[PDB]
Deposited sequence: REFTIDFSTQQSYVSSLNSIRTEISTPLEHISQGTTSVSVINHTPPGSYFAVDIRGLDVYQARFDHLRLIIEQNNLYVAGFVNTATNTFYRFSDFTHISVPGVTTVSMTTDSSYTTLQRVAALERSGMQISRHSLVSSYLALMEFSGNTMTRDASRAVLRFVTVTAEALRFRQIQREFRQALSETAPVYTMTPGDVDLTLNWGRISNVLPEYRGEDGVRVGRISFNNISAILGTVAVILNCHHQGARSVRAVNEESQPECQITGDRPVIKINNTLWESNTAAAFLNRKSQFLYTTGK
């Protein structure tokens, strides 16, 4: 499947993300209001991907329209990008299982991880700015990119695009914060530590939310949701956990009417007597 993510306006952008979500995921029965929900990605074979045509970087203009992201559908990772003018798919090294028919595939030495991209980009996501202008710059960098090894600028472009596409698809919080940059005032979106943390906890969040049954709160590692609007305002799409599991097999523990990721509670309840701990050096 191919979808467009149109950055022309906040409306076009959110519309685009919502359309993608509806097609690739199904709302959780217990975390759904109207047509805004936390949805679980529908099962698809590994290797299944959907293409995202980037549009609207120059509001409503058919300009800067040769970039397509290839997104692995089951986990929403950006497997690579396609320059549709040259018909070339630059694929990350960890996505050799993704095959795009009809294009020249350039298998890269660079893997898709943020650890790598941030390193090559010499750009940390925490504090990373994204604006319409830097997405255009990002687009130009990707279109100028050629090679089997990502460059700094191409990595910066991918960090920005993954954030506003795949991460926004996962997190309504990021969709909300980033979309402000698309307004006529063209402010700058600055990725926050909290935004980064969400992205880093997506699998954990994914394993927990399906168990939610209206508890007074949800705690997953550093992430806390105090009510359903916090959940809905933050998370839009989660992995189908039916990277969901880190260790163990118990998704959650309800403690004082708060649904905790069990691993989180286990991680602060595994301390022995403090006096013995500190003195036993």
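Where does the model skip over parts of the deposited sequence?
According to the deposited record, C-alpha coordinates are absent only for 243-258, which is the whole missing part.
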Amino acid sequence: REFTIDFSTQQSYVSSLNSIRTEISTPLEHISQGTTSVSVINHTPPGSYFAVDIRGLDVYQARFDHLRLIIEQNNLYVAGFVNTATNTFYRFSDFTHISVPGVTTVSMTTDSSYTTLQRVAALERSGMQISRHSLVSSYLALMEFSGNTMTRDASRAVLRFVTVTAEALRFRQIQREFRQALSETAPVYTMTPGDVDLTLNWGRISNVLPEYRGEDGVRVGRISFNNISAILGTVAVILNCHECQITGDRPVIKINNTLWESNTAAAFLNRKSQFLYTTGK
From here on, numbers count along this sequence of modelled residues.
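Going by the average Cα B-factor in the PDB entry, point out whether 201-209 or 122-130 comes out higher.
Taking the mean C-alpha B-factor of 201-209 and of 122-130, the larger value falls to 122-130.
Going by the average Cα B-factor in the PDB entry, point out whether 272-280 or 1-9 comes out higher.
Going by the record's values, the stretch with the higher mean is 1-9.
Highest Cα temperature factor in the entry, among the options 158, 71, 141, 174: which one is it?
Within the set 158, 71, 141, 174, 141 shows the top C-alpha B-factor.
Residue with highest C-alpha B-factor in the PDB entry, from 229, 32, 256, 26
By C-alpha B-factor in the record, 256 ranks first.
Among the modelled residues of this chain, does the Cα B factor of residue 250 put it in the lowest, middle or highest third?
As the PDB entry reports it, the C-alpha B-factor of residue 250 lands in the middle third of its chain.
Per the entry's values, where does residue 111 land by CA temperature factor relative to the rest of its chain, in the lowest, middle or highest third?
For residue 111, the deposited C-alpha B-factor lands in the middle third.
If you rank the chain by CA B-factor, which third does residue 163 end up in: lowest, middle or highest?
For residue 163, whose C-alpha B-factor we compare with every modelled residue in the chain, the answer is the lowest third.
Can you tell me whether residue 241 has a C-alpha B-factor in the lowest, middle or highest third compared with the other modelled residues of the same chain?
According to the entry, residue 241 has a C-alpha B-factor in the chain's highest third.
Compared with the other modelled residues in the chain, in which third is the CA B-factor of residue 188?
Within its chain, residue 188 is a highest-third residue by C-alpha B-factor, going by the deposited values.
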